[PDB]
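This is what each chain is made of:
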Amino acid sequence: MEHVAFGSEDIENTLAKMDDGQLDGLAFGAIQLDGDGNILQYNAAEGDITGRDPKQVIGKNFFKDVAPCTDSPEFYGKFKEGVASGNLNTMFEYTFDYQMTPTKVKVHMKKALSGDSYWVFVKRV
C-alpha cells in the first residue's frame, strides 16, 4: 500500500510521482481530470467504490458520460469554477446513485501540480 492520507495538505505533491500502478495502491478513490472533465487516470479503489472498470472509463467525460450524479451546481459547478479560476480545493459529502446502490462518500477536489489537471479523491463515509 502507498501510504498517503485522504485530505493531506500536500497530497498533490505526493501523487505527482505516481504512475497508474502506484495510484492503485492508494487507500481511497482517485480520479484525474483535465479541464474539460475527461478522465485521465482512475484507480483500483474508486472501482471498488463505484463498480466501474478503470480501464474502460479512461477517456470518457466524467460529468456527461460517467457520473451524471455530479452534473449539478454542488459538484460540477464547483469544478468548473475552479478550472476557470485556476484554483480549487474543496471537500464535501455526496451521494453516488446512477446505476448503482446509493453510496454516500466524501469527495475532495484539488488542482494538480501539473498544468491543467485536477484530482477528485473519494472515500466511504
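As recorded in the entry header, the structure was determined using X-ray crystallography to a resolution of 1.60 Å.

By the naming in the PDB entry, the protein chain goes by Photoactive yellow protein and is assigned to Halorhodospira halophila. Per the PDB header, the title for this entry is "Femtosecond Structural Dynamics Drives the Trans/Cis Isomerization in Photoactive Yellow Protein: 200 ns time delay photo-activated (light) structure". Here the protein chain is described in UniProt, under the heading Subunit, as follows: "Monomer." What UniProt records for the protein chain under Sequence similarities is the sentence "Belongs to the photoactive yellow protein family."

Participant: I tried to follow the packing of aromatic side chains on my own but got confused; where do I start?
Facilitator: Any pair of aromatic rings gets described here by the distance separating the centres and the angle formed by the planes. Here the structure, examined in full by the defined rule, presents 13 aromatic pairs. Between the aromatic rings of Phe-62 and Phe-75, the centroid separation amounts to 6.2 Å while the plane-to-plane angle is 40°, which identifies the pairing as tilted. You can see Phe-62 sitting in helix α5 (residues 62-66) and its partner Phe-75 sitting in the loop between α5 and α6 (76-85), a full 13 residues away along the chain. Exposure remark for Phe-75: the relative accessible area of 0% places this residue in the buried category. Relative to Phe-121, the ring of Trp-119 has its centre 5.5 Å away and its plane inclined at 20°; by these criteria the two rings are stacked. Taking relative accessible area as the criterion, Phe-121 reaches 1% and is therefore assigned buried. Aromatic ring contacts, followed pair by pair, group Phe-62, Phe-63, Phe-75, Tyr-76, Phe-79, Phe-92, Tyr-94, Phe-96 and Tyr-118 into a single cluster.

Participant: Mind showing me how you'd approach α6 here?
Facilitator: Since the α-helix turns once every 3.6 residues, residues separated by three or four places project in the same direction. Burial in α6 covers these residues: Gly-77, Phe-79 and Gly-82. The inward-facing, buried residues of α6 contact β1 (29-34), α5, β4 (103-111) and β5 (117-124). Immediately downstream of α6, the backbone of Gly-86 shows phi near 85°, a positive value.

Participant: What is the right way to read the environment of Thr-70 from this model?
Facilitator: Along the chain, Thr-70 turns up in the loop between α5 and α6. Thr-70 sits 25 residues away from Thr-95 along the chain, and the two C-alpha atoms are 8.9 Å apart. With near-sequence residues (within four places) excluded, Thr-70 lies in contact with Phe-62, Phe-63, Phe-75, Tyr-76, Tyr-94 and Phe-96. A distance of 2.9 Å separates the side chain of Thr-70 from the backbone oxygen of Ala-67, its partner in a polar contact.

Participant: Please explain unusual backbone geometry as it appears in this structure.
Facilitator: Residue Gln-99 is not a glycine yet carries a positive backbone phi of 55°. Locating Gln-99 in the fold gives a position in the loop between β3 (89-96) and β4. With a relative accessible area of 62%, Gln-99 lands in the exposed category.

Participant: Sorry, what's going on with the nonpolar core here?
Facilitator: For soluble globular proteins, the rule of thumb is that nonpolar side chains tend to be buried together. Counting residues in each nonpolar core, the largest one holds 24 residues, and the members touching the most others are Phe-75 and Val-107. Put simply, the parts of the chain that give this core at least two residues each are β1, β2 (39-42), α5, β3, β4 and β5. When residues no more than four places from it in sequence are discounted, the contact partners of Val-107 are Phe-6, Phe-75, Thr-90, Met-91, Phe-92, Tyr-94, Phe-96, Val-120 and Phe-121. In terms of nonpolar packing, the next biggest core, distinct from the first, is built from 12 residues, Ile-11, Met-18, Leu-23 and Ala-30 among them.

About the criteria used
- Residues numbered from 1 in each chain as written, not as in the entry; some residues may be left out.
- Heavy atoms only, no water.
- UniProt positions renumbered as here; feature names shortened; annotations may be inferred.
- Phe/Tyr/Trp six-rings, centres within 6.5 Å; stacked < 30°, edge-to-face > 60°.
- Helix = DSSP H or I, 4+ residues; strand = E, 2+ residues; numbered from the N terminus.
- Buried < 20%, exposed > 50% of the residue type's maximum accessible area, 1.4 Å probe, protein only.
- Contact = heavy atoms within 4.5 Å.
- Polar contact = N/O pair within 3.5 Å; in protein donor to acceptor, adjacent residues only side chain to side chain.
- Core = buried A, V, L, I, M, F, W, Y, C linked by side-chain atoms within 4.5 Å.

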